[PDB]
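The primary structure of each chain is shown beneath.
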Amino acid sequence: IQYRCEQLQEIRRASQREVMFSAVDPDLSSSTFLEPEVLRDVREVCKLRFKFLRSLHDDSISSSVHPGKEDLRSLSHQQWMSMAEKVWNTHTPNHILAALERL
Amino acid sequence: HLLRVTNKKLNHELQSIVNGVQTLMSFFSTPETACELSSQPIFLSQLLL
Amino acid sequence: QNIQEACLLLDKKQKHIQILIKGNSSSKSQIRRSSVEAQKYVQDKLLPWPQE
């Protein structure tokens, strides 16, 4: 029981008012300002899923059902699932949602 | 005297389990009243949608 | 032929757009439902244990 409480307390602490989301003025190319990790991970998860959906879309439109593409789709889908899962394990739900808001 | 000590130990452990479980449950209780700033949601179902 | 083919393509794309629109509307409702299910589980099944 103590072990479980410690785990949830750690999550609460991590949730506390964290993740500065700088408004990326689009024009300001240069300032190397370092994207918060949560934002990068969420974006990447979302992009990966988008590319996957897009690929499904392009295929649906191009009617070329190459036989063998299903194995690769499943793998891609699994890859995203793993990534998505990782994102939810690594970051607090509060920060993920905040990242989604910004996106 | 040994059984009295053991009895105190057993009562302590039973209370520890009660305290431990109460603490654990505090993490799942949604702060109805907006006001209390302090309790940052820990569960995505808490919402924040 | 190209113009016709292209018109078909535009129509296919248009269909996908209509599907995605519906799909996203459904997903939004689902997210609301899924949120209500997790809260209901905590209230009905976990919160009563400390008293027992």
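Up top you'll find the structure we're talking about.
S.K.: Help me out: how do you make sense of the overall build of chain A in this one?
M.R.: For chain A, the helix and strand inventory stands at four helices and zero strands. Listed by position from the N terminus, the elements making up chain A come as α-α-α-α. Here the C-alpha atoms of chain A give a radius of gyration of 18 Å, more than 25% beyond the 13 Å that 2.2 N^0.38 yields for 103 residues. Along the three orthogonal principal directions, the C-alpha set of chain A runs to about 55 × 50 × 20 Å. By residue count, 24% of the 103 residues in chain A fall in the buried class. Restricting to contacts in chain A with at least 6 residues of sequence separation, those with at least 24 account for 78%. Split by element, the accessible area of chain A, about 8,000 Å² in all, is 54% carbon and sulfur. Taking the 14 positively charged and 15 negatively charged side chains of chain A as two groups, their mean positions are separated by 2 Å.

S.K.: Could you clarify how one ought to interpret the packing of helix α2 (residues 37-62) of chain A against helix α4 (residues 93-102) of chain A in this entry?
M.R.: Residue and element names in this part refer to chain A. α4 packs onto α2 with a crossing angle of 65° between their chain directions and a minimal axis gap of 9 Å. Considering their axes alone, α2 and α4 lie roughly perpendicular with respect to each other. Where α2 crosses over α4, the two elements pack in a sense that is right-handed. The residues of α4 that touch α2, namely those facing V38, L39, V42 and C46, are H95, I96, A99 and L100. Class assignment for the residues of the contact of α2 with α4 results in seven nonpolar, one polar and no charged.

S.K.: What's the story with the interface of chain B and chain C in this structure? I'm lost.
M.R.: Size of an interface: often given as the accessible area lost when the parts come together. The interface of chain B with chain C comprises eight residues on the first partner and eight residues on the second. A buried area of about 700 Å², summed over both sides, lies between chain B and chain C, and 77% of it is on carbon and sulfur atoms. Its largest share of buried area at the contact with chain C, chain B owes to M25, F28 and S45 of chain B, together 63% of the area lost on that side. In this structure, the connection of chain B to chain C is made through zero salt bridges.

S.K.: Help me understand the nonpolar core, please; the structure alone is not making it clear to me.
M.R.: As a rule of thumb, nonpolar side chains are buried together in soluble globular proteins. With ten residues, the main nonpolar core is built from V19, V38, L39, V42, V45, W80, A84, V87, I96 and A99 of chain A. A total of four residues in this core trace back to one element, the largest contributor, which is α2 of chain A. Discounting chain neighbours no more than four positions away, the residues touching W80 of chain A are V45, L48 and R49 of chain A. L8 of chain A together with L24, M25 and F28 of chain B belong to the second-largest nonpolar core, a separate cluster that totals nine residues.

What counts, and where the lines are drawn
- Residues numbered from 1 in each chain as written, not as in the entry; some residues may be left out.
- Chains lettered and ligands numbered in written order.
- Part of a larger assembly, values for the part shown.
- Heavy atoms only, no water.
- Helix = DSSP H or I, 4+ residues; strand = E, 2+ residues; numbered from the N terminus.
- Rg over C-alpha atoms; globule rule 2.2 N^0.38 Å.
- Buried < 20%, exposed > 50% of the residue type's maximum accessible area, 1.4 Å probe, protein only.
- Contact = heavy atoms within 4.5 Å.
- Areas by Shrake-Rupley, 256 points an atom, 1.4 Å probe, with all protein chains shown as cover.
- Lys, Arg positive; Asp, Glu negative; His and termini not counted.
- Charge placed at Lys NZ, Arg CZ, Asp CG, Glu CD.
- Axes fitted to C-alpha atoms, helices over the stretch in contact; angles between N-to-C directions.
- Parallel < 35°, antiparallel > 145°, perpendicular 65-115°, else oblique.
- Left-handed = near helix turned anticlockwise from the far one by under 90°.
- Nonpolar A, V, L, I, M, F, W, Y, C, P; charged D, E, K, R; others polar.
- Buried area = accessible area lost by both parts, 1.4 Å probe.
- Salt bridge = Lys/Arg side-chain N within 4 Å of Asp/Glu carboxyl O.
- Core = buried A, V, L, I, M, F, W, Y, C linked by side-chain atoms within 4.5 Å.

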